[PDB]
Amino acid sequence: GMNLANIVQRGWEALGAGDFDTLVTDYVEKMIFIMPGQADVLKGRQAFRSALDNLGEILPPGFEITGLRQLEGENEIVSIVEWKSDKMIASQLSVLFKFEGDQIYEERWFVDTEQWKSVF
């Protein structure tokens, strides 16, 4: 099949570029997006695409990825994301992507939420 780590990598670029229409083609319709906290569970690709139109307020001011790498599981990928922002000199988060075939059905962020919320 298609290489999953590559799918993930290219999606970080699409996200960064605001190419949301392209980005969402990587996902199934009945996807779930868990972000930023474990209790923040959004269902469905249309709802995800909608939330992306407010990304500028979902990611903190000046959010920038400074390091990125992918780890591999069984039809799933984890990104380790090194980042900074206007109010954060350096931090890290991780994101799990589970795939149904070659499309993402679960995107689950593991974020220090106390820290995250403080940098908006």
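The first residue of the shown sequence is 1; numbering continues from there.
Q: With respect to the recorded C-alpha B factors, which stretch has the higher mean value, 55-63 or 72-80?
A: Per the PDB entry, the higher value belongs to 55-63.
Q: Averaging the C-alpha B factors as listed in the entry, name the stretch that ends up higher: 1-9 or 110-118.
A: It is 1-9.
Q: Sorting the chain's CA B-factors, does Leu15 end up in the lowest, middle or highest third?
A: Middle third.
Q: Should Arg49 be placed in the lowest, middle or highest third of its chain by the C-alpha B factor in the entry?
A: Answer is lowest: the recorded C-alpha B-factor places it there.
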